[PDB]
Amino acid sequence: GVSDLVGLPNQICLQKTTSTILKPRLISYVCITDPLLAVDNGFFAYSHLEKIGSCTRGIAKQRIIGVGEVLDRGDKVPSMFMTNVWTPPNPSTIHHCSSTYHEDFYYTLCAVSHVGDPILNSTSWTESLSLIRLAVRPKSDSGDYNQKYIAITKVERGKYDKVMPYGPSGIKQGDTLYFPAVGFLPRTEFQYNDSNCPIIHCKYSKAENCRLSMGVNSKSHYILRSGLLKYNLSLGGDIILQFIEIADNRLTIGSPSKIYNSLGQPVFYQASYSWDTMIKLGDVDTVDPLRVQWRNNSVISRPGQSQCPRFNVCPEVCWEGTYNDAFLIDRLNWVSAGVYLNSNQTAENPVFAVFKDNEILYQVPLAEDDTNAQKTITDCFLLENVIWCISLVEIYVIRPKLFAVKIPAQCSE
């Protein structure tokens, strides 16, 4: 039925057309924040945090981490059916979860913090990471198969003081799991030549803006560096969690990222939380050390504020942006599908677009003009060998919504 995007699927329309050939279907029906979606091998992992009252200043009511199957719901439309749910005892201590599928389970790596979000209280946070393993098909009377909690004791960080999962989902290679992650490096140990800051033709930029933008504020104690957290399951005895820093090609501040397999190769997306507002994604050259051949995309960006609005390419000192990933659905033409926010300085107007590096092939809005939106997570797969995509979109009971979009074969309705 539902399988991974691998092999050689049905044709997708490769021409650019204004025709309405994308038909999004809503498959989902007090605030709900911090969402997480992952789709792998016909299964899915989902997570959220339900708060009471406000979304930012509200009390944490319940943290949900579940897994299940992606099935044909009946009318040839894929949907998600929960099969195994888990809730921590204190919802306000679990942060920054990231789910990676392997064979029988989803392994979700989360951070444990009694000082709030480690991104906003980095220096105070004492690094504590947990692993919750959830079976995609639970079995009765089966011990720790269905749900298993593992407090991670051994972590190798290299030059970084602290490391944390930072992204919705990672990949598996053989028996080794890789989670999107970030490392906190003190600015005193941050060796960066300002010569590498691309200030050319930028009238009001300074070569210092890159290094200062590598932190949440210009005087931050840490800089954030994206990368991977590696967990080798073959080393069964006690598995060390190893940090792998991302290469410094087109370096931007550590931000929520995603590594996913598509057409049998790894692809990486990194959210643009700084001055480089054009979308950052591409095929992975090497996983260890992590280097990504970023696409030179000139059509997809993200909303910002005053300093770094959408389409900005000059280095400024800013920490602003949103996570809006994209899934590669055709490597031979490097075509991708994802939801972007169609606004320069406000997080709003979600639009699902199928696009190449230098052109948007075809798109469709997901809500009215004034509708506010935030993080979006898009994962694509095959249903009876037609490419489908499921997108989680935060939208303003403030709660996320899930859409299923089939990628059409022809360019006319």
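Residue numbers run from 1 along the displayed sequence.
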| request: Report, from the record, the number of residues in the deposited sequence between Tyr396 and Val397 that have no coordinates, as none, 1 to 3, 4 to 9, or 10 or more. | output: 4 to 9
| message | Comparing average C-alpha B factors as deposited, tell me which of 378 to 386 and 49 to 57 sits higher. | response | 49 to 57
| So which stretch wins on mean C-alpha B-factor, 232 to 240 or 276 to 284? | 232 to 240
| Between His114, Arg133, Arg225, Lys258, where does the Cα B-factor run highest in the record? | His114
| query | What's the residue among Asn324, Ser99, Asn84, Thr93 with the greatest CA temperature factor in the PDB record? | reply | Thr93
| What third of the chain, by the recorded C-alpha B-factor, contains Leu392? | lowest
| said: Looking at the temperature factor on the CA atom of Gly167, which third of the chain's modelled residues does it land in? | reply: lowest
| query | Within this chain, which third does the Cα B-factor at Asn146 fall in: lowest, middle or highest? | reply | lowest
| remark: In terms of its chain's C-alpha B-factors, the third that includes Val77 is the highest
| Ranked C-alpha temperature factor of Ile360 among modelled chain residues, by third | lowest
